[PDB]
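Please read the structure below before turning to the comments.
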Amino acid sequence: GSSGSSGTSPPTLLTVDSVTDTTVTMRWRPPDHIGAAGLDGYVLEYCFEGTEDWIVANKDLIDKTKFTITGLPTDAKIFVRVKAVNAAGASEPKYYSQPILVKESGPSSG
């Protein structure tokens with residue numbers, strides 16, 4: 001059977017940058033190294049609660065290391081997951097320990 005997977009490393013340091021009742025922001029860092037073939041952008045998916053299928057977010061490829069899910073219902077919990085996609089294959093998906101709530105939040109002294 002087909003032998004040969006992505007020899008690159010998946011997206012690490014996955015954390016939420018900012019959150020807005022309108023949309024949510026997610027940032028991540030690149031892999032320590034890149035496979036010979038070469039890294040081809042990245043992919044980000046999100047599954048809505050109450051469903052059994054994930055909803056694509058990125059159209060083609062995510063150039064920047066940040067992504068924002070547009071069009072999100074206020075007070076809604078969604079699961080974010082990213083992975084590495086190279087011409088060789090793909091890496092395992094990253095599951096954020098805790099979900100990202102699409103709710104506004106500001107700084108609080110103390």
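We did not get these values from a lab; they are worked out from the coordinates using the rules stated. So basically every Cβ, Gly included, is an ideal-geometry build from the backbone, and we count neighbours across all protein chains shown.
Only one entry of 50, 41 meets the criterion of being surrounded by fewer than 13 Cβ atoms within 10 Å (Cβ to Cβ) and at positive phi, and that entry is 50.
Of all residues being outside any strand (DSSP E or B) and among the polar types (S, T, N, Q) in segment 71-95, which is farthest from residue 17 (Cα to Cα)? Just the residue, please. Only one residue tops the list, namely 91.
Is it the case that segment 55-66 has a residue that's under 23 Å from residue 12 (Cβ atoms), out of contact with any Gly (no Cβ under 8 Å at 6 or more places or on another chain), buried (at least 17 other Cβ atoms within 10 Å of the Cβ) and not β-branched (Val, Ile, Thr)? Within segment 55-66 (the criterion being under 23 Å from residue 12 (Cβ atoms), out of contact with any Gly (no Cβ under 8 Å at 6 or more places or on another chain), buried (at least 17 other Cβ atoms within 10 Å of the Cβ) and not β-branched (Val, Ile, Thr)), the answer is yes, since at least one residue qualifies. The residues of segment 67-110 that are of a type in the set (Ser, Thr, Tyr) and loosely packed, with under 13 Cβ neighbours inside 10 Å, listed by number, are 70, 74, 95, 97, 105, 108, 109.
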